[PDB]
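Two separate entries follow, structure 1 and structure 2, each one form of the same protein chain as C-alpha cells.
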Structure 1
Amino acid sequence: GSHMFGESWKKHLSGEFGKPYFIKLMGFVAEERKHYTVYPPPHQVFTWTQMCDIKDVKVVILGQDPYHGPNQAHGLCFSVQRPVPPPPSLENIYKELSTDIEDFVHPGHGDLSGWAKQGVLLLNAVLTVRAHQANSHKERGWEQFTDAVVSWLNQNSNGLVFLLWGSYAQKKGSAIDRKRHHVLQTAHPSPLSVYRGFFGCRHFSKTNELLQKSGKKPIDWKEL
C-alpha cells in the first residue's frame, strides 16, 4: 500500500471511498492534475490523518482550503514545511498566539506537525486547490467528506474543542452537538479577513481552559 491515510482514520472513514461522490471527486482532482498544478501534492492530501490516532483528537482546527502557492500546503491546515516561510495567514496565527499565550514565541518556521501530534486535527473544509486560486475546488465533493470526518468525531468523541475559522469552515457548525462539544468561531486568519475578529479571538487560551475544565491535558502551543 501507499501509506497515505493513517490506519485508525482509514478504519472509520474508508466507507466514504466506495461512495459515488468521493469516486467522482477524486476523478475530478486527477483531471485537474492532468492540466494544472494542484496543491497539496497527491501524497499529502491526507497528512492530517498521519499525525495521531483518531481516538486521541482533542481539538479540531478547521480552515477553508489549502495554501495555493508552490511548496506551501502539505495537508495540515495553515502549516508549511521547512524551509518555506510562514505564509501571511500563519504569521497572523502566530501574532494572536503571542498575545493570547504569554509563553508563546515565534518558532522560526511554519511546520505545525507538533500541534497535530498532540491531538490537534488540522483540517481544511476543502482539501485540494488549483494553483494560484483560493477556494477553486469548493463544492466538488470535499465538503461531504470532511462532513463525514466531523460527524464521526462528533458522535464518537467527547468534549472536543472545534475552532471554525472562516465562513466555509463554519458551515460545519450545524453538524456539531453543542451540548457535548465546544465550538468557537471566528474569521479566517488570512490578511484579507483577520481584522473581522481573528485578532483578539483568544481561541488558543480558551481551548486550553475548556480542555483543563474537562480533565484533559492542555495543548502546549509552543511545542512545534
Structure 2
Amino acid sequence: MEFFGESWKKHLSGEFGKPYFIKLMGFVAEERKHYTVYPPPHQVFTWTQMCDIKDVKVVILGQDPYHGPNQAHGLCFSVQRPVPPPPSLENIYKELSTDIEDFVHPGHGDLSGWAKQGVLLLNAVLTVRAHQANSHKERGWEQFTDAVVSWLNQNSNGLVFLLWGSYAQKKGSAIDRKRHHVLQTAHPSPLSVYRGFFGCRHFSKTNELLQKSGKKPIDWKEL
C-alpha cells in the first residue's frame, strides 16, 4: 500500500513544504509517541486511495474522526467491518432508506463503496487522540483540508457538495455556487438529526444534480 494516493499527491503536494504542514506533521508524530492516535498512519489518507482526484463527483465534509477503537479509517462517517455503524451512520442509512425506496442496507458501516464511485468522504481534521474528541483540532489539519476543498472548487466542475451541519456549511462557504451544486441540512448526529437531516433527501437530489453535470449517478447501495 501507499501512504498518500498518487493523483492526490500530484495536486496537493504544494502544501507539504508550507510552515503549517511541517508543524502539523511534527505534532501528529509527537502525539503518536505518547498516545494512541486514530486512524493509524496507513489510514489517515484513505480518502485519497479510493478513486483518482479527477473522478470525484460528490463531496461530503466532516469534522473529527471517530475516536473509539477500530472505528476511524480515513473516510468520514465510515467504519470498517465488523464494526457496528455508530448512531450518526445509522441515521445516514435511515435517511437513505426513506429517500430511495430501492436502497439496500449493506449490513455493515464501510463506506468504501461510495468512495470508489467518487464520493469524497473528507473530514476537516484527520487525526484524533483515542477517546478524546477534537483533541487535534486547530493543529494544522483545517488549513490542509481547506486546500483540498479549494483545489476541488477551482479544478473540478459540477461537483455536488453535501454540507451537513453548521461546521460543514462554514467549511463549504466559499464553494462557487455557479460552478458546483451545494446541498445543505442539519448534521446526522442523534442530537441534531431531527432538525433537518431526516427528510433532507440529499441522496436522490444528488443523483438528479449529477445528471445536470453530465455524470452518471451514485449507486448508494453499492457498498
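We call the rigid core whatever largest set of C-alpha positions still superposes within 1.5 Å between the two forms. FYI, numbering is relative to structure 1, first residue = 1.
With the core superposed, find the residue in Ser157, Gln50, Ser167, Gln44 that moves its CA 2 Å or more between structure 1 and structure 2.
It is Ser167.
With both forms fitted on the core, how large is the C-alpha shift of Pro189 between structure 1 and structure 2 in Å?
Displacement of the C-alpha, rigid core superposed: 1.6 Å.
Core superposed, what is the CA shift for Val105 between structure 1 and structure 2, in angstrom?
Its alpha carbon moves by 2.1 Å.
Any chance you could measure the C-alpha shift of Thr128 between structure 1 and structure 2 with the core superposed, in Å?
It moves 0.7 Å at the C-alpha.
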